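Just the one chain here, laid out as structure tokens, in the form deposited in one PDB entry.
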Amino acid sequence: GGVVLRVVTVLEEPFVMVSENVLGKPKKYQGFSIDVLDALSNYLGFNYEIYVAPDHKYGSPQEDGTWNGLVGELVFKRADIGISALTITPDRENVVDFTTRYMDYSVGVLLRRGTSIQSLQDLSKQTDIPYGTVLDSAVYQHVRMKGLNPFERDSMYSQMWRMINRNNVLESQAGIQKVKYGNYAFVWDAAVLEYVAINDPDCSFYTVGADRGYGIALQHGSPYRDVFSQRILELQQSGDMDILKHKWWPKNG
């Protein structure tokens, strides 16, 4: 009778993916973050049940200072653990506690084959192909912060903020669909976009693009954080974290 921890997530390939099911046979989740979660579950002896953030968002600080999304679920005490493709950021570290990272994060751009965008810089220099990101996400917040900083050294960020300031989507799937079928470029996690590009049945895409990382979020003060971070470091040191990565990014495009 191990305690059942409530895990809040956002669906996002290949980090957390569902298998939908029929006739009362249980819905199951899989992916890189589920494997890491499982490695931790097996170690602490907890069970868990997963639910998706009700608003389908990662979360960002709102006009009135409250948090929504996955990060908000933690702040509002609705969950014990938050895990997805969740980017560790200083603003989020203000209201929840992150583990050490279990994988590096970077920003990429998903583009339709036949376009001629070779860099995030080129993308920002035009307005013809419209572009954007997922609302209430770390990308949105980062582009805003850098784009509004007069002392930012790369002028691309100000150009991006002009375009993005709410061209955005509610969920990454919508952004991917817009690139595929419309006239759009989608700015999102490189790890997600690499997986999407290499697995697209039509090879419709290419991508262009480690100072931030993916982390497990816990309520502030949680006694799981140190224990998790220890287990994460162990997994990295042994090569086991790399084995997990290769399972989900076996880069064979």
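Residue numbers run from 1 along the displayed sequence. By rigid core we mean the largest C-alpha set that fits within 1.5 Å across both forms.
This next part talks about the form deposited in another entry, which is not shown.
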### Query
Of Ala217, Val187, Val36, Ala53, which one's CA moves 2 Å or more between the shown form and the other one, core aligned?
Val187
### Query
Core aligned, does the CA of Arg78 move at least 2 Å between the shown form and the other one?
no
### Message
Core superposed first: is there a CA shift of 2 Å or greater at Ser137 between the shown form and the other one?
### Response
yes
### Query
Hey, does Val96 budge by 2 Å or more at the Cα between the shown form and the other one once the core is superposed?
no
### Distance direction in the other form for the C-alpha atoms of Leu23 and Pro54, relative to the displayed form (3 angstroms or more)
closer
